[PDB]
């Protein structure tokens, strides 16, 4: 068996430098190390993880080991791996099987390499997407009884765990950190607020101010995109199907209309609905010349890119992930990342600090399941709020934020603990 398997393990030094720079932007993970490198709460844990092997992820991996756990890793996407990051981890003596440009077979193979450790099979699952979880349940059920828990941080993964639980397939308790506030806020709102303009600029260097940016959807992703754009002097127009979300947009002074109407006025189009058929041929045919069109929501189903390919009389590539289509009416459309996520194809994805919040959630989930099995029956569970609060608290230091502490008299008055949780479950923040 291979001790690891990466593109080029000689990229380790480069990777190490990147990690040392990333560590400063990932205080939540570092705070965990500072608090648990001694008590080692993950001692005895054999964590098989399936998550984009990136620099940020590497910091997550080394955080787990510092907490006393045995860790074997694989990416959860065949292109997400940053080889110098994978090398660094491999070089550190941690079994990592990942590299940019894997084939479906290799991808599957990589996840299988992480199943058995030096002294036995995994006993913990840290997933992102559910692949690792499905592989075990479908192909290696013999290992389920030996697995103490599963932590999942994606919508897909959680949706999948629910179907499994609904079908009596799930055999391991799973903690969903996708819906924790610290995870969702950063992964959806803040993360995208930081990268949208970044992806659009690197792709076109266009001036934002003075332009009409139509943002389909006003959820967390949409909210952050709208906020970012507004911050640059763009007149943001929102489209929405949810009356509640629409009202929120209206209360911020954003015009809320339909795509069918806005397509005639927007200079920049951003989709964040997570729904199909947002921008279509009839919308394209109405757009102003050189209207920039991009998606930051769901994979590539929001924009009808196929229509552009089948109807444009021209298709000129300006630069990677930036294409300029000319339409039969003579107007050109500038499509980014080929209809895929603009912040991935035209930028570097989420900032490290954002990833720190998501991963510090994975760590919390891992510690919670590993040390409190007795508390979790097979099924999908939300991350305890006190743990979600612990994540945010772990990031306050870096922000040099002085958190106030309730006096015993105040806690009694409020009917809560000095250490929380400070909010009821239904609280929306």
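Numbering follows the first chain given and starts at 1.
Taking only CA atoms, the mean B-factor in the PDB entry is higher for 129-137 than for the other of 318-326 and 129-137. Note on 72-80 vs 351-359: mean CA B-factor is higher in 72-80. Going by the entry's values, 168 shows the largest Cα B-factor out of 217, 243, 224, 168. Per-chain ranking of the deposited C-alpha B factor places residue 164 in the highest third. Residue 114: CA B factor in the middle third of modelled residues in this chain (values from the PDB entry). Ranked against the other modelled residues of its chain, the C-alpha B-factor of residue 290 as given in the entry falls in the lowest third. In this PDB entry, the Cα temperature factor of residue 368 sits in the middle third of its chain's modelled residues. Split the chain's modelled residues into thirds by C-alpha temperature factor. Residue 307 is in the highest one.
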